[PDB]
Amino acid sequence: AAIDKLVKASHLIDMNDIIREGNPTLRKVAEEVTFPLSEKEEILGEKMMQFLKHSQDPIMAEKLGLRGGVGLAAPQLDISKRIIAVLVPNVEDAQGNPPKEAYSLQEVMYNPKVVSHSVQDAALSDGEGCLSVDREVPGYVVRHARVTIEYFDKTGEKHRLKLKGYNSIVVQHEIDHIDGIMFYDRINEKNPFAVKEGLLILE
């Protein structure tokens, strides 16, 4: 099964593990995981996180043929479980100094969900992309500006977290994957760049 390939100790997730647009697994609602985690579900989370680290490392991205990435959902690896990893980096300053925090968000989330959100909407000004999508998809992907999520980590400990800015956009994108929603489902059907008043455009 997919999961058996993925969790072999020597296996590194790369682009050949990523299923594509059209594969029915991207359109399912993923199955809740139960605690304590199997060995597999735990190893799967570490691999997914390892993949995002690799994709942001100039050397490993080049060794593995990996495109830069900040989130990955298990549906994208053909695994219908409610498991996402998020790794959102902070940026150096004009002087070249690393940030205090390497990441604004670094987490493997089991059973994540949006429990509440803002009336206000937000969109990345640059559109969104997807590891599974090999097309140029222009337009504003309309999301919530702010969300409160709950989720479990690999110990089964429950977290309640509020997010805004880019972290919020990233997490919504990944949660959508475990619900069978693709980014272009939240792009206006007639005008991709339609701005409804009040929309927070993130630069």
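Numbers for residues come from their place in the sequence shown, where the first is 1.
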| property | result |
| --- | --- |
| Residue range whose averaged C-alpha B-factor is higher in the record, 189 to 197 or 13 to 21 | 189 to 197 |
| Entry-level comparison of average CA B-factors, 116 to 124 and 78 to 86, reporting the higher stretch | 116 to 124 |
| Of the residues 91, 105, 133, 109, the one carrying the largest Cα B-factor as recorded | 91 |
| Top residue by Cα temperature factor, when 37, 29, 59, 171 are compared in the entry | 59 |
| Relative C-alpha B-factor of residue 129, binned into the chain's lowest, middle or highest third | middle |
| Residue 137 - which third its CA temperature factor falls in, relative to the rest of the chain | highest |
| Assigned third (lowest, middle, highest) for the C-alpha B factor of residue 144 | lowest |
| Third of the chain's Cα B-factor distribution that residue 54 belongs to, per the entry | middle |
| Ranked C-alpha temperature factor of residue 67 among modelled chain residues, by third | highest |
